[PDB]
Amino acid sequence: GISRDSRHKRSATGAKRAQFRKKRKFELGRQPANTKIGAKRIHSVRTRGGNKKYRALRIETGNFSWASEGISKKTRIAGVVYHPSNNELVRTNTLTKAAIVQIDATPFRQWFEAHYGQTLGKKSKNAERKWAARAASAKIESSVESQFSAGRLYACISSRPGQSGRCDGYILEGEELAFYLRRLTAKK
Amino acid sequence: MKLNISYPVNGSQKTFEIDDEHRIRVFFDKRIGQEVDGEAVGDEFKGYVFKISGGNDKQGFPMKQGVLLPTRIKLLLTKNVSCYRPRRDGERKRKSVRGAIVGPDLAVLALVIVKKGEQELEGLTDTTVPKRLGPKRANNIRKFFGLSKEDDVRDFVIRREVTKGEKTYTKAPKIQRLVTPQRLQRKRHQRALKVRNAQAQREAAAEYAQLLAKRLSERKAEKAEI
Amino acid sequence: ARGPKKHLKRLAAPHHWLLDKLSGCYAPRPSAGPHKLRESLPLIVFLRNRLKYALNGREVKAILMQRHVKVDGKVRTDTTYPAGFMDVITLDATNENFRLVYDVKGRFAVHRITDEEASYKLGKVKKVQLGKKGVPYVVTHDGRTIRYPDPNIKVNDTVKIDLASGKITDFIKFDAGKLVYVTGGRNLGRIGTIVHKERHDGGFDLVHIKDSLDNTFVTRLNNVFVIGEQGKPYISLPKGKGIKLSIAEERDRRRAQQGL
RNA sequence: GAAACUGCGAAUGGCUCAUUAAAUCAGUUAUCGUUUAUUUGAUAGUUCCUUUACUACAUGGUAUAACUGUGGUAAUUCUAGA
RNA sequence: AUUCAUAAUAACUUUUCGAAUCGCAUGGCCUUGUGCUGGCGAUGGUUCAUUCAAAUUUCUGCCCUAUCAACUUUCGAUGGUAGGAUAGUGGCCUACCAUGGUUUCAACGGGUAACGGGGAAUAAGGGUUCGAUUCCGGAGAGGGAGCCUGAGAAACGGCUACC
Ligand SMILES: [Mg+2]
Ligand SMILES: [Mg+2]
Ligand SMILES: [Mg+2]
Ligand SMILES: [Mg+2]
Ligand SMILES: [Mg+2]
Ligand SMILES: [Mg+2]
Ligand SMILES: [Mg+2]
Ligand SMILES: [Mg+2]
Ligand SMILES: [Mg+2]
């Protein structure tokens with residue numbers, strides 16, 4: 001089927017190569033997963049040496065890290081808003097690595113409440129002493145404050161759904177967030 | 001055609017010829033898994049209810065469940081499916097199988113009784129066929145006899161007697177999954193081994209930590225002065 | 001092609017096995033084990049070809065299946081088990097023990113040892129790594145892993161294994177003026193003392209070795225096996241002590257012996 | 001101890017030289033760019049329903065082969081129903 | 001030489017493994033019982049290492065031919081970025097971008113009554129010719145393609161299709 005051998009390519013001089021051998025199993029490729037959103041559906045593919053892989057088809061939730069606070073939360077994915085490789089992936093909401101998505105902002109809001117208690121967006125001393133000690137770190141970033149106000153958070157996918165079967169990622173921050181804001185998510 | 005009919009509650013079987021093909025038409029355009037009434041099938045099956053279990057057409061091709069056609073087709077058959085026994089690991093073969101829908105081309109129709117009729121038959125319901133052999137697993141015998149849970153199964157294992165002409169001797173199946181002191185010994189051996197390996201590892205780690213503490217103190221207190 | 005090979009054609013077997021060209025199309029292919037098949041001695045080769053305790057592989061199998069032979073304290077009924085350098089072979093009958101060491105002509109020589117020496121063995125440190133749960137370990141030349149080693153044990157050192165429990169009882173660092181044994185190349189079987197070594201960052205550290213009677217040679221670091229200090233080796237040397245006399249003076253010794 | 005289920009092997013061997021001209025191959029490299037049954041050494045006291053469900057671990061149940069029978073096909077290492 | 005080995009933190013998972021398996025022996029301690037505790041094994045079982053390997057890969061080296069001088073690149077050619085796929089690197093493939101890459105030091109094309117090598121015949125030296133064939137490596141199983149099972153096959157005394 002799909003083959004990864006370099007034999008079929010032209011030579012670096014531009015010459016056509018003569019057929020050397022039949023396609024080998026140890027050089028095969030497989031078709032893309034094309035991971036969609038919603039109604040989780042994983043398929044397992046058996047690979048070389050056993051070592052099964054997980055094809056993520058139409059999954060809806062993933063684990064996303066907030067690298068500034070050192071926490072990762074399980075949160076569902078709203079949609080794909082940017083892909084640096086192909087705009088068709090954005091149009092079809094295909095979930096791949098490096099894809100820019102919006103997720104939920106809700107588990108992160110609730111953790112922020114429980115950890116700092118700053119009623120972000122619009123009891124006993126046991127928690128109050130902890131909140132006072134964790135103060136001076138309550139302020140984070142205006143650009144993510146506004147996304148919390150909007151109710152969804154910009155994230156970048158860092159896992160490979162077609163390989164591991166999971167769509168995990170991290171919240172966009174700092175220069176990366178400002179860059180992706182300029183690129184397509186803003187300026188229409 | 002022929003009707004291979006089986007009465008399963010006693011495991012009895014017989015084959016019935018039905019000529020005058022204007023009467024097997026009750027089966028026509030039916031499929032495996034559909035009940036049929038026996039009065040139309042014949043005057044002997046008054047009230048008897050048959051259901052289609054299978055069949056074989058002329059040329060002997062078996063009928064496949066799910067193939068909703070009155071004709072036979074070729075199919076790529078795989079392991080653990082009907083009409084094909086693989087001869088190798090992962091071998092799949094293309095074979096012709098008859099469709100599931102009953103038609104005039106069938107030579108034998110395999111039927112099973114689901115409801116008893118009004119009369120009795122010469123070889124189906126008047127007799128019985130005993131089961132080949134009884135339960136072998138411990139809880140299978142315990143369920144079969146249904147006495148209790150705290151009961152010996154050695155005495156309730158079913159025994160069969162075989163005569164060699166001069167001496168008759170009984171034999172019974174070897175009970176599986178039976179709890180035994182040997183199994184208990186194996187289990188406690190594995191348990192003790194896991195525990196013992198845990199202490200061995202902890203002791204080795206403690207000794208290594210002692211060695212590192214000794215070297216860390218000595219090799220650095222000796223070089224502090226220099 | 002399509003998978004691992006299971007046959008070893010004769011004339012493709014290692015030359016140091018000293019197999020007769022005729023009398024067979026095939027040679028005993030060593031099974032997977034502690035040693036590479038190029039520098040290993042199968043049990044059938046040691047028992048039939050070297051010791052003449054068997055006439056053929058059928059009698060070799062008859063010997064092994066009686067639990068008579070044991071390698072490094074374990075029975076090892078495998079006919080083609082890859083016993084290699086420094087290994088200890090024990091025969092329950094005949095009350096003898098053997099240690100597999102090359103003679104100076106680069107082949108395993110039948111070398112008998114005592115029970116005290118058969119109780120232990122040496123190993124060359126191939127790597128020192130931190131295992132799971134932060135536990136350090138070392139890997140010897142015979143594919144053996146020993147957890148919790150001495151912190152000063154570095155790569156290509158020598159460790160002494162108790163051979164009844166896989167534990168290190170002593171170790172020798174790799175340093176100038178230590179008796180080494182050559183285990184590869186054209187210098188198989190030589191025993192000498194390290195003069196110095198050449199660094200050569202980028203691969204193939206080079207070691208200069210001086211023989212007992214002042215024959216200087218150089219060898220790759222991969223073929224160097226420390227076995228003790230200047231004098232007093234940790235292992236009983238085979239007959240010859242690895243000196244590599246020239247062919248003229250081997251002739252002279254042979255004639256002196258034969259003609260009295 | 002037939003048969004059959006399970007496991008392992010059947011990717012070795014043997015044969016031939018059609019293709020193949022930087023391809024194969026040879027010597028020499030690299031894997032800090034990966035897979036690895038088997039062998040050998042080491043190597044799992046954490047399993048609490050994804051807690052106010054520890055309910056059998058003196059040990060959970062299903063579903064089948066072989067076999068008993070009814071058979072189809074001219075025919076194959078074809079197989080159906082019970 | 002490393003973002004290495006390891007180790008820690010926050011979670012994640014059609015929740016992987018963590019022995020409901022088998023054979024000989026059947027001792028010790030009494031709480032005297034389908035009591036406790038017990039050896040030598042066999043078969044398994046994550047992970048690391050090892051071995052047998054495998055796959056890709058650096059440099060250099062092939063016969064005749066110019067009555068073959070330009071070749072490659074929309075259908076990837078040469079690079080970049082990102083993704084997908086793979087066991088894994090890689091235009092292996094995809095999207096976008098740049099216009100690159102090889103060549104008289106012979107590219108590209110054509111021919112080979114070409115499998116390569118260890119080697120063989122001859123041989124003052126230098127050479128010439130041969131190597132389908134006992135060993136090594138490659139390829140194939142009428143021709144193609146596709147695939148299942150498996151650690152390992154694009155297997156053919158495996159399957160599927162077309163000829
Ligand atoms: Mg072969
Ligand atoms: Mg890439
Ligand atoms: Mg690229
Ligand atoms: Mg040819
Ligand atoms: Mg040749
Ligand atoms: Mg082939
Ligand atoms: Mg296998
Ligand atoms: Mg054949
Ligand atoms: Mg074959």
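Values below: every heavy atom of this structure, side chains too, minus hydrogens, waters and symmetry copies. Here is the naming used below: chain letters follow the sequence lines, and residue numbers restart at 1 for every chain.
Ring pair A:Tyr82/A:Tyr180 is tilted by interplanar angle, where 30° to 60° counts as tilted.
Anti is the glycosidic conformation of E:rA10, whose angle departs from 0 by more than 90°.
Taking side-chain N and O atoms only, A:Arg24 has a distance below 4.0 Å to OP1 or OP2 of E:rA139. At the phosphate of E:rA154, neither OP1 nor OP2 sits under 4.0 Å from any side-chain N or O atom of A:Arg48. Within the structure, a side-chain polar atom (N or O) of A:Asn51 is placed less than 4.0 Å from OP1 or OP2 of D:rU36. Contact annotation: B:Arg88 does not reach the phosphate of D:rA10 (side-chain N/O to OP1 or OP2, under 4.0 Å). Dashed line: the shortest gap from a side-chain N or O of B:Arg92 to OP1 or OP2 of E:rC159 is not under 4.0 Å. Remark: A:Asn86 is not in phosphate contact with E:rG83, judged by side-chain N or O atoms under 4.0 Å from OP1 or OP2. Note on B:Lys93: every side-chain N or O is 4.0 Å or more away from OP1 and OP2 of E:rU149. At D:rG71, none of the side-chain N or O atoms of B:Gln13 fall inside 4.0 Å of OP1 or OP2 (strictly under the cut-off). At D:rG13, none of the side-chain N or O atoms of C:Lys6 fall inside 4.0 Å of OP1 or OP2 (strictly under the cut-off). Distances shown here put a side-chain N or O of B:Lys149 below 4.0 Å from the OP1 or OP2 atom of D:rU59. For E:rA161, one of the phosphate oxygens OP1 or OP2 lies less than 4.0 angstrom from a side-chain nitrogen or oxygen of B:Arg94.
One finds no salt bridge joining A:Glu69 and A:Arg134 here, because no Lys/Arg side-chain nitrogen approaches an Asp/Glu carboxylate oxygen to under 4.0 Å. Ion pairing between a basic and an acidic side chain is recognised when a charged N comes within 4.0 Å of a carboxylate O; C:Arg199 and C:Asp201 show such pairing. Comment: B:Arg142 does not engage B:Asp151 in a salt bridge, judged by the lack of any side-chain N to carboxylate O separation of less than 4.0 angstrom. Taking a cutoff of 4.0 Å between a charged side-chain nitrogen and a carboxylate oxygen, C:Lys121 and C:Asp142 qualify as a salt bridge.
Neighbouring residues D:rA58 and D:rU59 fail the stacking criterion, which requires the centres of their six-membered base rings to lie under 5.5 Å apart and the ring planes to differ by under 30°. In this strand, E:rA120 stacks on its neighbour E:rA121, with six-membered ring centres under 5.5 Å apart and planes inclined by less than 30°. Stacking between E:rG44 and E:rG45 holds, as the six-membered ring centres sit under 5.5 Å apart and the ring planes differ by under 30°.
Taking a pair to require two hydrogen-bonding distances under 3.5 Å in either a Watson-Crick or a G-U wobble arrangement, E:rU6 remains unpaired. In this structure E:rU78 sits in a base pair with E:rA98, meeting the Watson-Crick or G-U test at under 3.5 Å.
The listed nucleotides are D:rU19, D:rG72, D:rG45; the one nearest the side chain of A:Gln19 is D:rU19.
Nucleotides of RNA chain D nearest to B:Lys58 and B:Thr15 differ in position, and the one nearer the 5' end is that of B:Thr15. Nearer to the 5' terminus of RNA chain E, by closest-nucleotide assignment, is the contact made by C:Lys36 (compared with the other of C:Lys36 and A:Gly29). Nearest-nucleotide positions on RNA chain D for A:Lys16 and B:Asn197 put A:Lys16 closer to the 5' end. Comparing A:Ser159 and A:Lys53 along RNA chain E, the residue whose closest nucleotide (by nearest heavy atom) sits nearer the 5' end is A:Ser159.
Between B:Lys74 and B:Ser96, the closest heavy-atom pair is CD-N, 3.6 Å.
When rounded to the nearest whole Å, the span between NZ of C:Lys5 and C1' of D:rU36 equals 17 Å. Here the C1' atom of nucleotide D:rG61 and the CZ atom of B:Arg177 are 7 Å apart, to the nearest Å.
Residue-level contact check: B:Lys79 touches neither bases nor backbone, having no heavy atom under 4.0 Å from any strand.
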